[PDB]
$ cat input20.txt   # compact mmCIF, N, CA and C atoms
# COMPACT_ATOMS: atom_id res chain seq x y z
N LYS A 1 12.06 -64.78 141.72
CA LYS A 1 11.56 -63.64 140.98
C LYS A 1 10.79 -64.10 139.77
N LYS A 2 11.37 -65.10 139.05
CA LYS A 2 10.88 -65.70 137.83
C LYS A 2 11.06 -64.76 136.64
N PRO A 3 11.29 -65.22 135.40
CA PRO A 3 11.57 -64.37 134.25
C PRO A 3 10.45 -63.39 133.97
N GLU A 4 10.78 -62.08 133.83
CA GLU A 4 9.84 -61.09 133.36
C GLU A 4 10.19 -60.70 131.94
N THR A 5 11.29 -61.28 131.40
CA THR A 5 11.81 -61.10 130.05
C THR A 5 11.90 -59.66 129.58
N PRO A 6 12.66 -58.77 130.22
CA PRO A 6 12.63 -57.35 129.91
C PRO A 6 13.43 -57.00 128.68
N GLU A 7 14.55 -57.70 128.41
CA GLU A 7 15.34 -57.50 127.21
C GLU A 7 16.20 -58.72 127.02
N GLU A 8 15.98 -59.76 127.86
CA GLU A 8 16.86 -60.88 127.98
C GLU A 8 15.96 -62.00 128.39
N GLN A 9 16.27 -63.24 127.95
CA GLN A 9 15.39 -64.36 128.16
C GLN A 9 16.27 -65.56 128.23
N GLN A 10 17.01 -65.84 127.13
CA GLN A 10 17.85 -67.01 126.95
C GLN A 10 18.86 -67.24 128.05
N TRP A 11 19.51 -66.16 128.56
CA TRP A 11 20.52 -66.23 129.60
C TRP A 11 19.90 -66.39 130.97
N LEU A 12 18.61 -66.01 131.12
CA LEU A 12 17.92 -66.02 132.39
C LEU A 12 17.63 -67.45 132.77
N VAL A 13 16.82 -68.14 131.94
CA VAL A 13 16.32 -69.48 132.18
C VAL A 13 17.43 -70.52 132.18
N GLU A 14 18.49 -70.31 131.35
CA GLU A 14 19.67 -71.15 131.26
C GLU A 14 20.38 -71.25 132.58
N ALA A 15 20.84 -70.09 133.10
CA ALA A 15 21.61 -69.99 134.31
C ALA A 15 20.76 -70.11 135.55
N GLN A 16 19.41 -70.09 135.42
CA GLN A 16 18.49 -70.25 136.52
C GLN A 16 18.55 -71.62 137.11
N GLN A 17 18.43 -72.66 136.25
CA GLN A 17 18.53 -74.05 136.65
C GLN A 17 19.94 -74.45 136.98
N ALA A 18 20.95 -73.71 136.45
CA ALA A 18 22.34 -73.97 136.74
C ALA A 18 22.74 -73.45 138.10
N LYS A 19 22.17 -72.29 138.53
CA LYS A 19 22.43 -71.70 139.82
C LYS A 19 21.80 -72.51 140.93
N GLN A 20 20.60 -73.08 140.67
CA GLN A 20 19.90 -73.97 141.57
C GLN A 20 20.63 -75.28 141.75
N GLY A 21 21.36 -75.72 140.70
CA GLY A 21 22.16 -76.92 140.72
C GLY A 21 23.44 -76.76 141.50
N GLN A 22 23.92 -75.51 141.68
CA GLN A 22 25.10 -75.21 142.46
C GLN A 22 24.79 -75.17 143.93
N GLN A 23 23.52 -74.83 144.30
CA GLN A 23 23.11 -74.62 145.68
C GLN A 23 23.05 -75.92 146.44
N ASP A 24 22.63 -77.01 145.77
CA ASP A 24 22.44 -78.31 146.38
C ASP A 24 23.73 -78.91 146.93
N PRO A 25 24.86 -79.09 146.22
CA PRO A 25 26.08 -79.61 146.81
C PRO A 25 26.76 -78.61 147.71
N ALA A 26 26.55 -77.29 147.49
CA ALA A 26 27.27 -76.23 148.16
C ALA A 26 26.97 -76.15 149.63
N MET A 27 25.68 -76.34 150.02
CA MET A 27 25.25 -76.26 151.40
C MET A 27 25.80 -77.41 152.22
N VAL A 28 25.84 -78.62 151.62
CA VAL A 28 26.42 -79.81 152.19
C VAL A 28 27.93 -79.69 152.33
N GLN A 29 28.59 -79.05 151.33
CA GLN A 29 30.02 -78.83 151.30
C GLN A 29 30.47 -77.84 152.35
N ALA A 30 29.58 -76.88 152.73
CA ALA A 30 29.82 -75.86 153.73
C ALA A 30 30.04 -76.44 155.11
N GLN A 31 29.47 -77.65 155.34
CA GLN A 31 29.62 -78.42 156.55
C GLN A 31 30.97 -79.09 156.65
N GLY A 32 31.83 -78.96 155.60
CA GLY A 32 33.14 -79.55 155.46
C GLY A 32 34.11 -79.22 156.56
N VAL A 33 34.02 -78.00 157.14
CA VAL A 33 34.81 -77.58 158.28
C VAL A 33 34.42 -78.33 159.55
N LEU A 34 33.12 -78.70 159.70
CA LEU A 34 32.60 -79.49 160.80
C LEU A 34 32.71 -80.97 160.50
N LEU A 35 33.05 -81.36 159.24
CA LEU A 35 33.26 -82.72 158.80
C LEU A 35 34.54 -83.26 159.39
N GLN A 36 35.46 -82.37 159.83
CA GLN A 36 36.66 -82.71 160.57
C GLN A 36 36.34 -83.39 161.89
N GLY A 37 35.28 -82.91 162.59
CA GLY A 37 34.80 -83.49 163.82
C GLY A 37 34.08 -84.80 163.62
N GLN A 38 33.36 -84.94 162.48
CA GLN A 38 32.67 -86.15 162.08
C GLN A 38 33.65 -87.22 161.67
N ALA A 39 34.81 -86.80 161.11
CA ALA A 39 35.89 -87.66 160.70
C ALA A 39 36.59 -88.28 161.87
N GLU A 40 36.49 -87.67 163.08
CA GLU A 40 37.03 -88.22 164.31
C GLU A 40 36.30 -89.48 164.70
N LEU A 41 34.96 -89.54 164.46
CA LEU A 41 34.14 -90.71 164.68
C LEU A 41 34.50 -91.81 163.71
N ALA A 42 34.91 -91.44 162.48
CA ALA A 42 35.30 -92.39 161.46
C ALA A 42 36.63 -93.01 161.80
N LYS A 43 37.60 -92.18 162.25
CA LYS A 43 38.92 -92.59 162.68
C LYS A 43 38.87 -93.40 163.96
N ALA A 44 37.83 -93.19 164.80
CA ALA A 44 37.63 -93.91 166.03
C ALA A 44 37.29 -95.35 165.77
N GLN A 45 36.48 -95.60 164.71
CA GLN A 45 36.12 -96.93 164.29
C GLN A 45 37.22 -97.58 163.49
N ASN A 46 38.11 -96.79 162.84
CA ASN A 46 39.17 -97.28 161.99
C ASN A 46 40.31 -97.84 162.78
N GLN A 47 40.69 -97.18 163.90
CA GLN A 47 41.80 -97.58 164.74
C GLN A 47 41.49 -98.86 165.47
N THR A 48 40.20 -99.06 165.82
CA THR A 48 39.75 -100.24 166.51
C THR A 48 39.64 -101.39 165.54
N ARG B 1 4.63 10.09 141.91
CA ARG B 1 3.68 9.05 142.17
C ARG B 1 4.48 7.96 142.81
N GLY B 2 3.95 7.46 143.95
CA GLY B 2 4.67 6.60 144.86
C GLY B 2 4.74 5.19 144.38
N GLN B 3 5.57 4.40 145.10
CA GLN B 3 5.73 2.98 144.93
C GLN B 3 6.25 2.53 146.27
N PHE B 4 6.01 1.24 146.62
CA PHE B 4 6.64 0.62 147.76
C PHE B 4 7.12 -0.72 147.29
N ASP B 5 6.40 -1.31 146.30
CA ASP B 5 6.75 -2.48 145.53
C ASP B 5 7.12 -3.67 146.38
N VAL B 6 6.30 -3.97 147.42
CA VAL B 6 6.39 -5.21 148.17
C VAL B 6 5.71 -6.32 147.39
N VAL B 7 5.02 -5.97 146.27
CA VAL B 7 4.30 -6.87 145.40
C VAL B 7 5.27 -7.83 144.75
N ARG B 8 6.25 -7.28 144.00
CA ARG B 8 7.20 -8.03 143.22
C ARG B 8 8.19 -8.87 144.01
N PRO B 9 8.73 -8.58 145.20
CA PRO B 9 9.49 -9.53 146.01
C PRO B 9 8.77 -10.82 146.33
N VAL B 10 7.42 -10.79 146.50
CA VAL B 10 6.62 -11.97 146.77
C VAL B 10 6.48 -12.78 145.50
N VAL B 11 6.39 -12.10 144.33
CA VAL B 11 6.33 -12.76 143.04
C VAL B 11 7.64 -13.45 142.76
N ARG B 12 8.78 -12.73 142.93
CA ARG B 12 10.12 -13.24 142.72
C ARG B 12 10.48 -14.38 143.63
N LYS B 13 9.91 -14.41 144.86
CA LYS B 13 10.07 -15.49 145.81
C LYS B 13 9.45 -16.76 145.29
N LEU B 14 8.24 -16.66 144.70
CA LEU B 14 7.49 -17.78 144.17
C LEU B 14 8.07 -18.26 142.86
N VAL B 15 8.64 -17.34 142.04
CA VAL B 15 9.25 -17.64 140.76
C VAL B 15 10.48 -18.49 140.96
N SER B 16 11.30 -18.16 141.98
CA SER B 16 12.51 -18.89 142.29
C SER B 16 12.23 -20.26 142.84
N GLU B 17 11.04 -20.45 143.47
CA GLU B 17 10.63 -21.70 144.05
C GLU B 17 10.11 -22.67 143.02
N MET B 18 9.40 -22.20 141.97
CA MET B 18 8.84 -23.09 140.97
C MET B 18 9.83 -23.50 139.92
N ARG B 19 10.96 -22.76 139.79
CA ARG B 19 12.02 -23.11 138.87
C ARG B 19 12.92 -24.17 139.45
N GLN B 20 12.98 -24.30 140.80
CA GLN B 20 13.78 -25.31 141.46
C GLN B 20 12.97 -26.55 141.77
N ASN B 21 11.66 -26.58 141.43
CA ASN B 21 10.86 -27.78 141.52
C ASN B 21 11.07 -28.55 140.23
N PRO B 22 11.18 -29.88 140.22
CA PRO B 22 11.52 -30.60 139.01
C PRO B 22 10.25 -31.01 138.32
N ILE B 23 9.91 -30.33 137.20
CA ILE B 23 8.79 -30.66 136.36
C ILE B 23 9.38 -30.60 134.98
N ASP B 24 9.46 -31.77 134.29
CA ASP B 24 9.87 -31.83 132.92
C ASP B 24 9.37 -33.15 132.38
N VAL B 25 10.25 -34.18 132.29
CA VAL B 25 9.98 -35.43 131.62
C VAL B 25 10.63 -36.51 132.44
N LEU B 26 9.95 -37.67 132.56
CA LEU B 26 10.48 -38.83 133.23
C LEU B 26 10.02 -40.02 132.44
N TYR B 27 8.69 -40.28 132.43
CA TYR B 27 8.03 -41.43 131.84
C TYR B 27 8.31 -42.65 132.67
N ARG B 28 7.24 -43.28 133.21
CA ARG B 28 7.33 -44.58 133.81
C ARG B 28 6.47 -45.46 132.93
N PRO B 29 6.89 -46.67 132.56
CA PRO B 29 6.07 -47.62 131.82
C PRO B 29 4.82 -48.04 132.55
N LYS B 30 3.82 -48.53 131.79
CA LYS B 30 2.53 -48.96 132.28
C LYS B 30 2.63 -50.38 132.77
N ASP B 31 1.49 -50.94 133.24
CA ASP B 31 1.38 -52.29 133.74
C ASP B 31 1.71 -53.28 132.66
N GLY B 32 2.66 -54.21 132.96
CA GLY B 32 3.07 -55.25 132.04
C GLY B 32 4.03 -54.80 130.98
N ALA B 33 4.48 -53.52 131.03
CA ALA B 33 5.34 -52.94 130.03
C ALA B 33 6.77 -53.06 130.46
N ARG B 34 7.68 -53.12 129.46
CA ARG B 34 9.11 -53.25 129.62
C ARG B 34 9.71 -52.00 130.25
N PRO B 35 10.78 -52.07 131.04
CA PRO B 35 11.36 -50.93 131.73
C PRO B 35 12.17 -50.06 130.80
N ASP B 36 12.43 -50.52 129.56
CA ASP B 36 13.26 -49.87 128.58
C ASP B 36 12.39 -49.15 127.58
N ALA B 37 11.09 -48.96 127.91
CA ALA B 37 10.16 -48.26 127.06
C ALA B 37 10.13 -46.79 127.37
N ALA B 38 10.73 -46.36 128.50
CA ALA B 38 10.69 -44.99 128.96
C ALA B 38 11.71 -44.12 128.27
N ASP B 39 12.93 -44.66 128.05
CA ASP B 39 14.04 -43.95 127.47
C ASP B 39 13.91 -43.72 125.98
N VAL B 40 12.87 -44.30 125.34
CA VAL B 40 12.58 -44.10 123.94
C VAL B 40 11.98 -42.72 123.78
N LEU B 41 10.97 -42.39 124.61
CA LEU B 41 10.29 -41.12 124.59
C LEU B 41 11.11 -40.03 125.21
N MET B 42 11.71 -40.30 126.39
CA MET B 42 12.46 -39.33 127.16
C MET B 42 13.77 -39.00 126.48
N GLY B 43 14.40 -39.99 125.81
CA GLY B 43 15.65 -39.80 125.11
C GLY B 43 15.51 -38.96 123.88
N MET B 44 14.41 -39.14 123.12
CA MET B 44 14.16 -38.39 121.90
C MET B 44 13.54 -37.05 122.17
N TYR B 45 12.97 -36.84 123.39
CA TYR B 45 12.53 -35.53 123.84
C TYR B 45 13.75 -34.71 124.12
N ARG B 46 14.77 -35.32 124.74
CA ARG B 46 15.96 -34.62 125.14
C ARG B 46 16.90 -34.36 123.99
N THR B 47 16.72 -35.01 122.81
CA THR B 47 17.58 -34.79 121.67
C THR B 47 17.20 -33.50 120.96
N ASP B 48 15.89 -33.28 120.72
CA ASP B 48 15.44 -32.15 119.93
C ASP B 48 15.18 -30.92 120.75

$ encode --input "input20.txt" --output "structure tokens"
Amino acid sequence: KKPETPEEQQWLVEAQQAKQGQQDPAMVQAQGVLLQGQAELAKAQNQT
Amino acid sequence: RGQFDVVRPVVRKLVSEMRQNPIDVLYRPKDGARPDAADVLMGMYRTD
């Protein structure tokens, strides 16, 4: 959307870069339920 | 002296229709204007 500064400015730009910073690890972390299946490949190499 | 007065039912029909149409005050801001500029005029119109 980008700031249009209607009555607020400081809280917009601050939390804008902070919300974008949350998105980057979050999408990778969402794969965590499927990381259980990837961990089977890790355990496969570990037992051997 | 006669009357049939079908005149005034048609007038009263139109009178009841224009009172239920909403014409008063709203105010929408102009291009590049803040959205909180409308309630200044509309709010002080409604006070007095």

$ closest_atom_pairs --input "input20.txt" --of "chain A" --to "chain B" --cutoff "8 Å" --atoms "all atoms listed in the file" --output "Markdown table"
| residue | atom | partner | partner_atom | distance |
| --- | --- | --- | --- | --- |
| A:4 | C | B:34 | CA | 7.9 |
| A:5 | C | B:34 | CA | 7.0 |
| A:6 | CA | B:34 | CA | 5.4 |
| A:7 | N | B:34 | CA | 7.1 |

$ select_by_dssp --input "input20.txt" --residues "chain A" --states "alpha helix (DSSP H)" --output "mmCIF file with N, CA and C atoms, in the coordinates of the input"
data_model
loop_
_atom_site.group_PDB
_atom_site.id
_atom_site.type_symbol
_atom_site.label_atom_id
_atom_site.label_comp_id
_atom_site.auth_asym_id
_atom_site.auth_seq_id
_atom_site.Cartn_x
_atom_site.Cartn_y
_atom_site.Cartn_z
ATOM 1 N N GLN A 10 17.010 -65.840 127.130
ATOM 2 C CA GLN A 10 17.850 -67.010 126.950
ATOM 3 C C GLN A 10 18.860 -67.240 128.050
ATOM 4 N N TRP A 11 19.510 -66.160 128.560
ATOM 5 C CA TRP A 11 20.520 -66.230 129.600
ATOM 6 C C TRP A 11 19.900 -66.390 130.970
ATOM 7 N N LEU A 12 18.610 -66.010 131.120
ATOM 8 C CA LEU A 12 17.920 -66.020 132.390
ATOM 9 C C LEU A 12 17.630 -67.450 132.770
ATOM 10 N N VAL A 13 16.820 -68.140 131.940
ATOM 11 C CA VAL A 13 16.320 -69.480 132.180
ATOM 12 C C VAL A 13 17.430 -70.520 132.180
ATOM 13 N N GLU A 14 18.490 -70.310 131.350
ATOM 14 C CA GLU A 14 19.670 -71.150 131.260
ATOM 15 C C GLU A 14 20.380 -71.250 132.580
ATOM 16 N N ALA A 15 20.840 -70.090 133.100
ATOM 17 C CA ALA A 15 21.610 -69.990 134.310
ATOM 18 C C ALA A 15 20.760 -70.110 135.550
ATOM 19 N N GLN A 16 19.410 -70.090 135.420
ATOM 20 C CA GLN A 16 18.490 -70.250 136.520
ATOM 21 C C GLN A 16 18.550 -71.620 137.110
ATOM 22 N N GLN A 17 18.430 -72.660 136.250
ATOM 23 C CA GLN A 17 18.530 -74.050 136.650
ATOM 24 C C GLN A 17 19.940 -74.450 136.980
ATOM 25 N N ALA A 18 20.950 -73.710 136.450
ATOM 26 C CA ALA A 18 22.340 -73.970 136.740
ATOM 27 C C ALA A 18 22.740 -73.450 138.100
ATOM 28 N N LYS A 19 22.170 -72.290 138.530
ATOM 29 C CA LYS A 19 22.430 -71.700 139.820
ATOM 30 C C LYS A 19 21.800 -72.510 140.930
ATOM 31 N N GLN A 20 20.600 -73.080 140.670
ATOM 32 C CA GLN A 20 19.900 -73.970 141.570
ATOM 33 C C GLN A 20 20.630 -75.280 141.750
ATOM 34 N N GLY A 21 21.360 -75.720 140.700
ATOM 35 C CA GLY A 21 22.160 -76.920 140.720
ATOM 36 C C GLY A 21 23.440 -76.760 141.500
ATOM 37 N N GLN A 22 23.920 -75.510 141.680
ATOM 38 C CA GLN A 22 25.100 -75.210 142.460
ATOM 39 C C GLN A 22 24.790 -75.170 143.930
ATOM 40 N N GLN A 23 23.520 -74.830 144.300
ATOM 41 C CA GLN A 23 23.110 -74.620 145.680
ATOM 42 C C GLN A 23 23.050 -75.920 146.440
ATOM 43 N N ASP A 24 22.630 -77.010 145.770
ATOM 44 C CA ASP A 24 22.440 -78.310 146.380
ATOM 45 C C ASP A 24 23.730 -78.910 146.930
ATOM 46 N N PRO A 25 24.860 -79.090 146.220
ATOM 47 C CA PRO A 25 26.080 -79.610 146.810
ATOM 48 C C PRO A 25 26.760 -78.610 147.710
ATOM 49 N N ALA A 26 26.550 -77.290 147.490
ATOM 50 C CA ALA A 26 27.270 -76.230 148.160
ATOM 51 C C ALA A 26 26.970 -76.150 149.630
ATOM 52 N N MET A 27 25.680 -76.340 150.020
ATOM 53 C CA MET A 27 25.250 -76.260 151.400
ATOM 54 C C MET A 27 25.800 -77.410 152.220
ATOM 55 N N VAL A 28 25.840 -78.620 151.620
ATOM 56 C CA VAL A 28 26.420 -79.810 152.190
ATOM 57 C C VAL A 28 27.930 -79.690 152.330
ATOM 58 N N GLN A 29 28.590 -79.050 151.330
ATOM 59 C CA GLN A 29 30.020 -78.830 151.300
ATOM 60 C C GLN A 29 30.470 -77.840 152.350
ATOM 61 N N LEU A 35 33.050 -81.360 159.240
ATOM 62 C CA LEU A 35 33.260 -82.720 158.800
ATOM 63 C C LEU A 35 34.540 -83.260 159.390
ATOM 64 N N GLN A 36 35.460 -82.370 159.830
ATOM 65 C CA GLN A 36 36.660 -82.710 160.570
ATOM 66 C C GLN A 36 36.340 -83.390 161.890
ATOM 67 N N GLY A 37 35.280 -82.910 162.590
ATOM 68 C CA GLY A 37 34.800 -83.490 163.820
ATOM 69 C C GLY A 37 34.080 -84.800 163.620
ATOM 70 N N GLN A 38 33.360 -84.940 162.480
ATOM 71 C CA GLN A 38 32.670 -86.150 162.080
ATOM 72 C C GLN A 38 33.650 -87.220 161.670
ATOM 73 N N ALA A 39 34.810 -86.800 161.110
ATOM 74 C CA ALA A 39 35.890 -87.660 160.700
ATOM 75 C C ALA A 39 36.590 -88.280 161.870
ATOM 76 N N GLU A 40 36.490 -87.670 163.080
ATOM 77 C CA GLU A 40 37.030 -88.220 164.310
ATOM 78 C C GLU A 40 36.300 -89.480 164.700
ATOM 79 N N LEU A 41 34.960 -89.540 164.460
ATOM 80 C CA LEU A 41 34.140 -90.710 164.680
ATOM 81 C C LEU A 41 34.500 -91.810 163.710
ATOM 82 N N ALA A 42 34.910 -91.440 162.480
ATOM 83 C CA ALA A 42 35.300 -92.390 161.460
ATOM 84 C C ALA A 42 36.630 -93.010 161.800
ATOM 85 N N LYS A 43 37.600 -92.180 162.250
ATOM 86 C CA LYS A 43 38.920 -92.590 162.680
ATOM 87 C C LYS A 43 38.870 -93.400 163.960
ATOM 88 N N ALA A 44 37.830 -93.190 164.800
ATOM 89 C CA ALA A 44 37.630 -93.910 166.030
ATOM 90 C C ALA A 44 37.290 -95.350 165.770
ATOM 91 N N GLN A 45 36.480 -95.600 164.710
ATOM 92 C CA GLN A 45 36.120 -96.930 164.290
ATOM 93 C C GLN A 45 37.220 -97.580 163.490
ATOM 94 N N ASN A 46 38.110 -96.790 162.840
ATOM 95 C CA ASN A 46 39.170 -97.280 161.990
ATOM 96 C C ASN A 46 40.310 -97.840 162.780
ATOM 97 N N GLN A 47 40.690 -97.180 163.900
ATOM 98 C CA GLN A 47 41.800 -97.580 164.740
ATOM 99 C C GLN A 47 41.490 -98.860 165.470
#

$ atom_distance --input "input20.txt" --atom1 "atom N of residue 26 of chain A" --atom2 "atom N of residue 38 of chain A"
18.2 Å

$ atom_distance --input "input20.txt" --atom1 "atom N of residue 46 of chain B" --atom2 "atom CA of residue 26 of chain B"
10.1 Å

$ atom_distance --input "input20.txt" --atom1 "atom CA of residue 9 of chain A" --atom2 "atom CA of residue 44 of chain B"
26.7 Å

$ build_atoms --input "input20.txt" --residues "segment 6-20 of chain B" --atoms "N, CA, C and O atoms" --output "CSV table (one decimal), in the frame of the given file"
chain,number,residue,atom,x,y,z
B,6,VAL,N,6.3,-4.0,147.4
B,6,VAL,CA,6.4,-5.2,148.2
B,6,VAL,C,5.7,-6.3,147.4
B,6,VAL,O,5.8,-7.5,147.7
B,7,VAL,N,5.0,-6.0,146.3
B,7,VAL,CA,4.3,-6.9,145.4
B,7,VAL,C,5.3,-7.8,144.8
B,7,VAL,O,5.2,-9.0,144.9
B,8,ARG,N,6.2,-7.3,144.0
B,8,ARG,CA,7.2,-8.0,143.2
B,8,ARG,C,8.2,-8.9,144.0
B,8,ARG,O,8.5,-9.9,143.5
B,9,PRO,N,8.7,-8.6,145.2
B,9,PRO,CA,9.5,-9.5,146.0
B,9,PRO,C,8.8,-10.8,146.3
B,9,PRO,O,9.4,-11.8,146.5
B,10,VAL,N,7.4,-10.8,146.5
B,10,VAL,CA,6.6,-12.0,146.8
B,10,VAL,C,6.5,-12.8,145.5
B,10,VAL,O,6.5,-14.0,145.5
B,11,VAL,N,6.4,-12.1,144.3
B,11,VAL,CA,6.3,-12.8,143.0
B,11,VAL,C,7.6,-13.4,142.8
B,11,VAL,O,7.6,-14.6,142.4
B,12,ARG,N,8.8,-12.7,142.9
B,12,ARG,CA,10.1,-13.2,142.7
B,12,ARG,C,10.5,-14.4,143.6
B,12,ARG,O,11.3,-15.2,143.3
B,13,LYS,N,9.9,-14.4,144.9
B,13,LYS,CA,10.1,-15.5,145.8
B,13,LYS,C,9.4,-16.8,145.3
B,13,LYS,O,10.1,-17.8,145.4
B,14,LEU,N,8.2,-16.7,144.7
B,14,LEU,CA,7.5,-17.8,144.2
B,14,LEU,C,8.1,-18.3,142.9
B,14,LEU,O,8.0,-19.5,142.6
B,15,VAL,N,8.6,-17.3,142.0
B,15,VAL,CA,9.2,-17.6,140.8
B,15,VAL,C,10.5,-18.5,141.0
B,15,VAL,O,10.7,-19.5,140.2
B,16,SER,N,11.3,-18.2,142.0
B,16,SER,CA,12.5,-18.9,142.3
B,16,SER,C,12.2,-20.3,142.8
B,16,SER,O,13.1,-21.2,142.7
B,17,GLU,N,11.0,-20.4,143.5
B,17,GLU,CA,10.6,-21.7,144.0
B,17,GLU,C,10.1,-22.7,143.0
B,17,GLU,O,10.3,-23.9,143.2
B,18,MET,N,9.4,-22.2,142.0
B,18,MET,CA,8.8,-23.1,141.0
B,18,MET,C,9.8,-23.5,139.9
B,18,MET,O,9.6,-24.5,139.2
B,19,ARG,N,11.0,-22.8,139.8
B,19,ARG,CA,12.0,-23.1,138.9
B,19,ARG,C,12.9,-24.2,139.4
B,19,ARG,O,13.6,-24.9,138.7
B,20,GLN,N,13.0,-24.3,140.8
B,20,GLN,CA,13.8,-25.3,141.5
B,20,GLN,C,13.0,-26.6,141.8
B,20,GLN,O,13.5,-27.5,142.3
